[PDB]
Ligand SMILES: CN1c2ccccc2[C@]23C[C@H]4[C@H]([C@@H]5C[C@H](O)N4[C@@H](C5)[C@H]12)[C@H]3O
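Take a look at this single chain, the form solved without the named molecule, given in structure tokens.
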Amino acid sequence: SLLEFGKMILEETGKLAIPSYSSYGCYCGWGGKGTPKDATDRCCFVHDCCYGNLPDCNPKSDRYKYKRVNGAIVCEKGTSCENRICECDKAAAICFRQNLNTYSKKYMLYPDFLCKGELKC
């Protein structure tokens, strides 16, 4: 759920998931349209694609557990859904920190209306 994902984000980036990544660009948030604004936005686009490929699960609401070994996130082996959701979240949180050097304040609170057109995964 957003609880676990938000925790990963804070641990990896040092930024509170909300509002740093909840209204960023075209894909970091509820929205999902247009061309990703930058690397960080692409992390969210990919994250959406990952969630979109878990039709048999409830990514935003399903709770799961994970731990950290040797400084890296390790998804606990729970149900198939919990494991997959965890992996989608892990990849995104890491993607966020790997791209913090191009994170731009101007894309925060980005207006959804500026994002149009479906972009295939």
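We call the rigid core the largest set of C-alpha positions that still match within 1.5 Å between the two forms. In this text, residue numbers run from 1 along the sequence as written. Residues that one form lacks are left out of the comparison.
Next on the checklist: Tell me which stretch, 86-94 or 59-67, has the higher mean Cα B-factor listed in the entry.
Outcome noted: The stretch with the larger average C-alpha B-factor is 59-67.
Next on the checklist: Can you tell me whether 22-30 has a higher mean C-alpha B factor than 40-48 in this record, or the other way round?
Outcome noted: According to the PDB entry, the answer is 22-30.
Keep in mind the form solved in complex with the named molecule is missing from the figure; the text below concerns it.
Checklist entry - Among the candidate residues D38, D48, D62, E87, which is the single one with a non-hydrogen atom no more than 4.5 Å from the named molecule in the bound PDB entry? => result Among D38, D48, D62, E87, a heavy atom within 4.5 Å of the named molecule in the bound PDB entry occurs only for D48.
Item to check | Non-hydrogen atom contact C115 with the named molecule in the bound PDB entry at 4.5 angstroms | outcome: Contact with the named molecule, no.
Next on the checklist: Is it the case that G32, even though its partner is missing from this view, gets within 4.5 Å of the named molecule in the bound PDB entry, heavy atoms only?
Outcome noted: Result yes; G32 sits at the interface with the named molecule in the bound PDB entry.
Item to check | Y27, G52 and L119 each touching the named molecule in the bound PDB entry (heavy atom, 4.5 Å) | outcome: The answer is yes: all three residues contact the partner (heavy atom, 4.5 Å cut-off).
Checklist entry - Once the rigid core is lined up, which stretches of 3 or more residues in a row have C-alphas that move 2 Å or more between the shown form and the other one? => result Run shifting 2 Å or more: just 116-118.
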